[PDB]
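What's in model26.cif: mmCIF, C-alpha atoms and all ligand atoms
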data_input
loop_
_atom_site.label_atom_id
_atom_site.label_comp_id
_atom_site.auth_asym_id
_atom_site.auth_seq_id
_atom_site.Cartn_x
_atom_site.Cartn_y
_atom_site.Cartn_z
CA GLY A 71 -9.41 -25.65 -28.31
CA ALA A 72 -10.48 -22.18 -27.02
CA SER A 73 -8.14 -20.26 -24.59
CA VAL A 74 -9.64 -19.14 -21.23
CA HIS A 75 -8.33 -16.50 -18.75
CA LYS A 76 -6.87 -18.00 -15.55
CA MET A 77 -6.73 -16.17 -12.21
CA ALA A 78 -4.03 -16.58 -9.58
CA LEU A 79 -5.86 -15.93 -6.31
CA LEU A 80 -3.07 -14.48 -4.10
CA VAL A 81 -3.93 -14.73 -0.39
CA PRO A 82 -1.63 -12.92 2.07
CA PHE A 83 -1.43 -15.17 5.11
CA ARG A 84 -0.08 -15.55 8.60
CA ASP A 85 -1.91 -17.27 11.48
CA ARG A 86 -5.35 -17.39 9.70
CA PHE A 87 -5.85 -21.12 9.39
CA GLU A 88 -9.43 -21.04 10.72
CA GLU A 89 -10.28 -18.29 8.15
CA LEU A 90 -8.54 -20.31 5.43
CA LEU A 91 -10.77 -23.32 6.06
CA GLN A 92 -13.81 -21.16 5.38
CA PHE A 93 -12.17 -19.31 2.50
CA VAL A 94 -11.21 -22.27 0.31
CA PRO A 95 -14.60 -24.00 -0.05
CA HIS A 96 -16.44 -20.70 -0.24
CA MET A 97 -14.28 -19.26 -3.05
CA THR A 98 -14.00 -22.53 -4.96
CA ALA A 99 -17.84 -22.85 -5.14
CA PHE A 100 -18.39 -19.13 -5.82
CA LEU A 101 -15.87 -19.03 -8.70
CA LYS A 102 -17.05 -22.35 -10.17
CA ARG A 103 -20.55 -20.89 -10.46
CA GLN A 104 -19.26 -18.11 -12.68
CA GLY A 105 -16.88 -20.37 -14.64
CA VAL A 106 -13.67 -18.64 -13.51
CA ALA A 107 -10.64 -20.86 -13.85
CA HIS A 108 -8.21 -20.15 -10.99
CA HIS A 109 -5.87 -21.50 -8.35
CA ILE A 110 -5.39 -20.39 -4.73
CA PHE A 111 -1.86 -19.50 -3.52
CA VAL A 112 -1.55 -19.00 0.20
CA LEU A 113 1.33 -16.63 0.79
CA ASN A 114 2.44 -17.69 4.28
CA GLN A 115 4.83 -15.18 5.84
CA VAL A 116 7.29 -17.26 7.92
CA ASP A 117 9.92 -14.68 8.81
CA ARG A 118 9.51 -13.01 12.15
CA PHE A 119 9.00 -9.48 10.89
CA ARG A 120 5.71 -7.56 10.91
CA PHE A 121 3.11 -8.63 8.42
CA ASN A 122 3.80 -7.20 4.92
CA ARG A 123 0.78 -7.83 2.73
CA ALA A 124 2.19 -5.97 -0.32
CA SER A 125 5.54 -7.78 -0.44
CA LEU A 126 3.80 -11.15 -0.05
CA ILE A 127 1.65 -10.25 -3.06
CA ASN A 128 4.83 -9.33 -5.05
CA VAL A 129 6.32 -12.76 -4.14
CA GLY A 130 3.07 -14.53 -5.09
CA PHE A 131 3.05 -12.77 -8.42
CA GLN A 132 6.66 -13.86 -9.14
CA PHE A 133 5.95 -17.45 -8.21
CA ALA A 134 2.68 -17.91 -10.10
CA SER A 135 3.11 -19.41 -13.62
CA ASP A 136 2.71 -17.16 -16.69
CA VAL A 137 -0.41 -19.22 -17.50
CA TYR A 138 -2.26 -17.03 -14.98
CA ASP A 139 -2.98 -13.86 -16.95
CA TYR A 140 -4.47 -11.93 -14.05
CA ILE A 141 -4.19 -11.94 -10.27
CA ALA A 142 -6.66 -11.39 -7.51
CA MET A 143 -5.02 -9.82 -4.35
CA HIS A 144 -7.48 -11.35 -1.92
CA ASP A 145 -7.87 -11.06 1.88
CA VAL A 146 -8.50 -14.45 3.45
CA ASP A 147 -11.37 -13.14 5.67
CA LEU A 148 -13.51 -11.33 3.09
CA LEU A 149 -16.05 -13.54 1.24
CA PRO A 150 -18.38 -12.34 -1.57
CA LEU A 151 -22.09 -13.02 -0.87
CA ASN A 152 -23.40 -11.65 -4.20
CA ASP A 153 -22.96 -13.72 -7.43
CA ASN A 154 -23.11 -10.51 -9.54
CA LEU A 155 -19.58 -9.69 -8.27
CA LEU A 156 -17.83 -10.98 -11.34
CA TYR A 157 -14.15 -11.98 -10.89
CA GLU A 158 -13.53 -11.46 -14.54
CA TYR A 159 -10.44 -10.62 -16.55
CA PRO A 160 -10.01 -6.82 -16.09
CA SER A 161 -10.55 -4.44 -19.08
CA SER A 162 -7.82 -2.31 -20.68
CA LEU A 163 -8.69 0.52 -18.32
CA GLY A 164 -6.89 -1.03 -15.36
CA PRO A 165 -7.59 -3.03 -12.22
CA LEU A 166 -11.04 -4.33 -11.28
CA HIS A 167 -11.79 -3.63 -7.62
CA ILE A 168 -14.35 -6.14 -6.29
CA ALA A 169 -14.55 -4.76 -2.68
CA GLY A 170 -15.64 -1.24 -3.59
CA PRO A 171 -16.18 1.46 -0.95
CA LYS A 172 -19.98 1.24 -1.52
CA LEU A 173 -19.84 -2.52 -0.83
CA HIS A 174 -17.13 -3.07 1.75
CA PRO A 175 -18.46 -3.42 5.32
CA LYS A 176 -15.82 -1.20 6.89
CA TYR A 177 -13.96 1.01 4.44
CA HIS A 178 -15.97 3.59 2.52
CA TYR A 179 -13.57 6.17 1.18
CA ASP A 180 -13.54 6.96 -2.52
CA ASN A 181 -10.20 5.61 -3.58
CA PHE A 182 -10.09 2.57 -1.35
CA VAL A 183 -8.62 -0.38 -3.33
CA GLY A 184 -8.19 -2.92 -0.48
CA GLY A 185 -9.76 -6.29 0.22
CA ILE A 186 -10.08 -7.84 -3.25
CA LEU A 187 -8.38 -6.29 -6.27
CA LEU A 188 -7.95 -7.95 -9.62
CA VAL A 189 -5.05 -6.90 -11.88
CA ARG A 190 -3.89 -8.07 -15.22
CA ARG A 191 -0.42 -9.56 -15.32
CA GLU A 192 0.83 -6.82 -17.67
CA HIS A 193 -0.62 -3.97 -15.64
CA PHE A 194 0.94 -5.33 -12.44
CA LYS A 195 4.35 -5.63 -14.18
CA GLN A 196 4.02 -2.05 -15.70
CA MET A 197 3.39 -0.73 -12.21
CA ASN A 198 6.37 -2.65 -10.78
CA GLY A 199 3.85 -4.39 -8.46
CA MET A 200 3.39 -3.01 -4.95
CA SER A 201 5.72 -1.14 -2.64
CA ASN A 202 7.79 -3.23 -0.21
CA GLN A 203 8.00 -0.52 2.54
CA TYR A 204 4.68 -1.31 4.32
CA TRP A 205 5.32 -3.44 7.36
CA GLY A 206 2.31 -3.67 9.65
CA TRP A 207 -1.26 -2.61 8.85
CA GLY A 208 -2.13 0.28 6.56
CA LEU A 209 -1.37 2.36 3.49
CA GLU A 210 0.05 -0.21 1.03
CA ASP A 211 -3.19 -0.26 -0.92
CA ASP A 212 -3.42 3.54 -1.00
CA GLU A 213 0.13 3.73 -2.36
CA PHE A 214 -0.80 1.13 -5.02
CA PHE A 215 -3.75 3.42 -6.00
CA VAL A 216 -1.23 6.14 -6.83
CA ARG A 217 0.78 3.61 -8.82
CA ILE A 218 -2.42 2.88 -10.80
CA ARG A 219 -2.92 6.61 -11.61
CA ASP A 220 0.80 7.11 -12.36
CA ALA A 221 0.66 4.31 -14.92
CA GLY A 222 -2.19 6.14 -16.69
CA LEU A 223 -4.60 3.42 -15.55
CA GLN A 224 -7.94 3.66 -13.72
CA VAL A 225 -9.88 1.49 -11.26
CA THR A 226 -13.13 -0.13 -12.43
CA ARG A 227 -15.77 -1.56 -10.06
CA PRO A 228 -18.89 -3.81 -10.43
CA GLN A 229 -21.83 -1.84 -11.79
CA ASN A 230 -25.52 -2.11 -10.85
CA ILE A 231 -24.82 -4.08 -7.66
CA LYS A 232 -27.95 -3.75 -5.54
CA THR A 233 -26.60 -4.99 -2.19
CA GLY A 234 -24.70 -2.52 0.03
CA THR A 235 -22.20 -2.32 2.87
CA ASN A 236 -24.20 -4.66 5.17
CA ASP A 237 -24.83 -7.59 2.81
CA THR A 238 -22.32 -7.76 -0.08
CA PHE A 239 -19.50 -9.43 1.84
CA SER A 240 -18.97 -11.47 4.96
CA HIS A 241 -15.94 -10.02 6.81
CA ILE A 242 -15.55 -12.34 9.70
CA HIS A 243 -12.79 -10.46 11.49
CA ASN A 244 -13.14 -9.51 15.10
CA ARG A 245 -10.68 -6.71 15.95
CA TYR A 246 -9.65 -8.29 19.30
CA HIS A 247 -9.32 -11.81 17.94
CA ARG A 248 -7.24 -10.73 14.89
CA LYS A 249 -5.54 -7.53 16.04
CA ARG A 250 -4.44 -5.03 13.40
CA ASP A 251 -0.80 -4.21 13.81
CA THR A 252 -0.87 -0.38 13.85
CA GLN A 253 2.29 0.21 15.88
CA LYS A 254 4.67 2.91 14.59
CA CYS A 255 8.41 3.15 15.31
CA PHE A 256 11.51 4.81 13.79
CA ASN A 257 10.10 7.26 11.39
CA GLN A 258 7.44 4.93 10.09
CA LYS A 259 4.60 7.45 9.87
CA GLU A 260 6.48 10.01 7.88
CA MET A 261 8.24 7.54 5.56
CA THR A 262 5.23 5.30 4.74
CA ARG A 263 3.03 8.32 3.89
CA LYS A 264 5.23 9.10 0.90
CA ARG A 265 4.91 7.65 -2.61
CA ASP A 266 7.60 4.93 -3.09
CA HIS A 267 9.45 5.13 -6.42
CA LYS A 268 12.35 2.99 -5.25
CA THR A 269 10.89 -0.42 -4.42
CA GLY A 270 8.54 -3.02 -5.86
CA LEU A 271 8.23 -6.26 -7.73
CA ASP A 272 11.68 -5.92 -9.26
CA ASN A 273 13.54 -5.69 -5.95
CA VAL A 274 11.49 -7.53 -3.30
CA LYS A 275 14.03 -9.54 -1.27
CA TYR A 276 12.89 -12.99 -0.11
CA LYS A 277 13.33 -16.75 -0.18
CA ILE A 278 10.61 -19.34 -0.64
CA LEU A 279 11.68 -21.95 1.92
CA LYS A 280 9.07 -24.55 1.01
CA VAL A 281 6.16 -25.09 -1.35
CA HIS A 282 3.40 -27.30 0.01
CA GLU A 283 0.67 -28.87 -2.04
CA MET A 284 -2.48 -29.11 0.07
CA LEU A 285 -5.94 -30.49 -0.60
CA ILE A 286 -8.76 -29.24 1.51
CA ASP A 287 -11.84 -31.45 1.05
CA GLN A 288 -10.41 -32.35 -2.42
CA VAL A 289 -9.68 -28.72 -3.47
CA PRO A 290 -5.96 -28.24 -4.35
CA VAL A 291 -4.29 -25.13 -2.81
CA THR A 292 -0.57 -24.18 -2.95
CA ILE A 293 1.18 -22.90 0.22
CA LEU A 294 4.26 -20.79 -0.21
CA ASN A 295 6.37 -20.42 2.94
CA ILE A 296 7.93 -17.04 2.31
CA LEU A 297 10.85 -15.68 4.24
CA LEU A 298 10.89 -11.87 3.67
CA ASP A 299 14.14 -10.09 4.21
CA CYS A 300 14.24 -6.67 5.88
CA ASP A 301 16.97 -4.08 5.38
CA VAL A 302 16.94 -2.28 8.66
CA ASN A 303 19.06 0.52 7.19
CA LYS A 304 15.98 1.34 5.02
CA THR A 305 12.84 0.09 6.77
CA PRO A 306 13.61 -0.58 10.44
CA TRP A 307 9.89 -0.46 11.30
CA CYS A 308 9.79 -4.08 10.06
CA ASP A 309 10.27 -4.84 13.73
CA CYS A 310 9.28 -2.48 16.57
CA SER A 311 10.30 -4.95 19.33
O1 LIG B 401 -1.38 -11.07 10.75
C1 LIG B 401 -2.02 -10.99 9.65
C2 LIG B 401 -2.44 -9.76 9.08
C3 LIG B 401 -3.22 -9.77 7.87
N1 LIG B 401 -3.30 -11.00 7.22
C4 LIG B 401 -3.92 -11.04 5.81
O2 LIG B 401 -4.01 -9.70 5.39
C5 LIG B 401 -5.42 -9.46 5.14
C6 LIG B 401 -5.73 -7.99 5.38
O3 LIG B 401 -5.49 -7.74 6.78
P1 LIG B 401 -6.71 -7.27 7.77
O4 LIG B 401 -7.72 -8.30 7.79
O5 LIG B 401 -6.13 -6.98 9.14
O6 LIG B 401 -7.21 -5.91 7.07
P2 LIG B 401 -8.63 -5.13 7.20
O7 LIG B 401 -9.62 -6.14 7.81
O8 LIG B 401 -8.35 -3.89 7.93
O9 LIG B 401 -8.95 -4.92 5.78
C7 LIG B 401 -6.15 -10.48 6.05
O10 LIG B 401 -7.52 -10.75 5.69
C8 LIG B 401 -5.28 -11.70 5.77
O11 LIG B 401 -5.47 -12.28 4.47
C9 LIG B 401 -2.90 -12.19 7.77
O12 LIG B 401 -3.06 -13.27 7.22
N2 LIG B 401 -2.24 -12.20 9.00
MN MN B 402 -9.91 -8.12 7.74
#

Go through the file and emit its structure as structure tokens.
Amino acid sequence: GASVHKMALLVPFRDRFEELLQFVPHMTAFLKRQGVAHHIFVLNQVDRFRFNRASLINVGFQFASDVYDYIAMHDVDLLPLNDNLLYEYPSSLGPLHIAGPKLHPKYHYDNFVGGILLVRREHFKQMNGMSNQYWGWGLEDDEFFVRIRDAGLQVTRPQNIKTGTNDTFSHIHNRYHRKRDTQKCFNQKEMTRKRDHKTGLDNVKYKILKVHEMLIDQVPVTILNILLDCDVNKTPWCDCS
């Protein structure tokens, strides 16, 4: 009756249904080939504020059952094309970053931890998850990198991968079709550039309005409809309208 690690695949989501239909069969087959037990949670942001990838991931982490002993923060549009990218339980060193800057098609800087990042449950809890202050594109992953170093942890990446930035992942994301929300308002630039010791997993404010059970060509996926709250006295750049 051997125990096996189980991965909660946490997919930040808003208006990406076409991407989702490609994601689910691709990831299900890819993970089955390497024997990784897992479940996909689509973290569907249904408030009207700007997209907040990091807070959705905090909510996903809270919701997912304790049976999942590690999470994969996973963009819905970024699909691994190399079976040697192992989505395995991370070591004691810290998070396992699958979409490394030598492998990612777009981002190539040393401490990039975006795209696909696998974290043990206990490490994520020790770090108080991710900051809640990042509304709109950018920076939430870089702040989480500092959280990793501040916890005395390190990032590990796949070794001896022979593919490179052109052929390790498919990133089907056209910048005019899916526009990156890079607006700034109020003092967003100056506030989001600073390390956030005040927010995270323990104080993300939200309601899950509905949980949907979906099957896509027989593959079960959970949809969380997440209503994020924004405190405009703290982060008014949740809405630049
Ligand atoms: O309006 C949005 C913005 C982003 N995302 C999710 O957030 C991920 C990261 O965003 P993006 O693709 O814009 O980042 P980049 O391609 O710059 O890494 C996407 O793949 C989606 O999973 C989404 O679902 N809706
Ligand atoms: Mn993308």

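Note that atom CA of residue 95 of chain A and atom CA of residue 155 of chain A are 17.2 Å apart.
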
As lines of an AutoDock Vina configuration file, please report the centre and edge lengths, rounded to one decimal in Å, of the axis-aligned box that holds all listed atoms of ligand LIG 401 (chain B) with 3 Å of padding on each of the six sides.
center_x = -5.5
center_y = -8.6
center_z = 7.6
size_x = 14.2
size_y = 15.4
size_z = 12.3

Neighbours of segment 79-87 of chain A within 7 Å (all atoms listed in the file; same-chain residues fewer than 3 positions away dropped), as a PyMOL selection string?
-> chain A and resi 90-91+108-115+123+126-127+130+141-146

May I have the residues from that selection written out with C-alpha atoms, as an mmCIF file, in the frame of the given file?
data_model
loop_
_atom_site.group_PDB
_atom_site.id
_atom_site.type_symbol
_atom_site.label_atom_id
_atom_site.label_comp_id
_atom_site.auth_asym_id
_atom_site.auth_seq_id
_atom_site.Cartn_x
_atom_site.Cartn_y
_atom_site.Cartn_z
ATOM 1 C CA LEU A 90 -8.540 -20.310 5.430
ATOM 2 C CA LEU A 91 -10.770 -23.320 6.060
ATOM 3 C CA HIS A 108 -8.210 -20.150 -10.990
ATOM 4 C CA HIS A 109 -5.870 -21.500 -8.350
ATOM 5 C CA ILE A 110 -5.390 -20.390 -4.730
ATOM 6 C CA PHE A 111 -1.860 -19.500 -3.520
ATOM 7 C CA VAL A 112 -1.550 -19.000 0.200
ATOM 8 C CA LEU A 113 1.330 -16.630 0.790
ATOM 9 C CA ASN A 114 2.440 -17.690 4.280
ATOM 10 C CA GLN A 115 4.830 -15.180 5.840
ATOM 11 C CA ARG A 123 0.780 -7.830 2.730
ATOM 12 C CA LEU A 126 3.800 -11.150 -0.050
ATOM 13 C CA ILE A 127 1.650 -10.250 -3.060
ATOM 14 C CA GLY A 130 3.070 -14.530 -5.090
ATOM 15 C CA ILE A 141 -4.190 -11.940 -10.270
ATOM 16 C CA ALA A 142 -6.660 -11.390 -7.510
ATOM 17 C CA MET A 143 -5.020 -9.820 -4.350
ATOM 18 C CA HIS A 144 -7.480 -11.350 -1.920
ATOM 19 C CA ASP A 145 -7.870 -11.060 1.880
ATOM 20 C CA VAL A 146 -8.500 -14.450 3.450
#

Residues up to 7 Å from ligand MN 402 (chain B), counting all atoms listed in the file: could you list those as an MDAnalysis selection string?
-> chainID A and resid 145 147:148 241 243

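Interatomic distance, atom CA of residue 278 of chain A to atom CA of residue 294 of chain A: 6.5 Å.
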
Measuring atom to atom with only C-alpha atoms and all ligand atoms, identify which of A:277, A:217, A:259, A:249 is nearest to ligand LIG 401 (chain B).
-> A:249

So which one's closest to ligand LIG 401 (chain B), A:149, A:291, A:134, A:300? Using only C-alpha atoms and all ligand atoms, please.
-> A:149

Looking at A:177, A:171, A:124, A:139, which one is nearest to residue 211 of chain A, with distances taken over only C-alpha atoms?
->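 Result for the nearest residue to residue 211 of chain A: A:124.
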
Length of the atom CA of residue 274 of chain A to atom CA of residue 203 of chain A vector [Å] =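 Distance reported for this atom pair: 9.8 Å.
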
Residue neighbourhood residue 208 of chain A, 9 Å, only C-alpha atoms, exclusion window fewer than 3 positions, as a ChimeraX atom specification | /A:204-205,211-212,250-252

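Distances here use all atoms listed in the file; by that measure, the residue among A:194, A:138, A:131, A:182 closest to ligand LIG 401 (chain B) is A:182.
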
Excluding residue 116 of chain A and residues on its chain fewer than 5 positions from it, collect all residues at most 7 Å away from it, counting only C-alpha atoms, and give them as a list in words.
-> residues 295, 296 and 297 of chain A

Suppose we keep C-alpha atoms; can you now write the selection as a JSON list (two decimals), in the frame of the given file?
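This is the output file out.json:
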[["chain", "number", "residue", "atom", "x", "y", "z"],
["A", 295, "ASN", "CA", 6.37, -20.42, 2.94],
["A", 296, "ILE", "CA", 7.93, -17.04, 2.31],
["A", 297, "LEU", "CA", 10.85, -15.68, 4.24]]

Find the residue from A:202, A:122, A:229, A:92 that sits nearest to ligand LIG 401 (chain B); use only C-alpha atoms and all ligand atoms when measuring.
-> A:122

Test item: which residues lie within 10 Å of (-17.4, -4.8, -10.1) counting only C-alpha atoms, as an MDAnalysis selection string = chainID A and resid 154:158 160 166:170 173 187:188 225:231

Nearest candidate to residue 271 of chain A (options A:195, A:102, A:75, A:118; using only C-alpha atoms) =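 Counting only C-alpha atoms, the residue closest to residue 271 of chain A is A:195.
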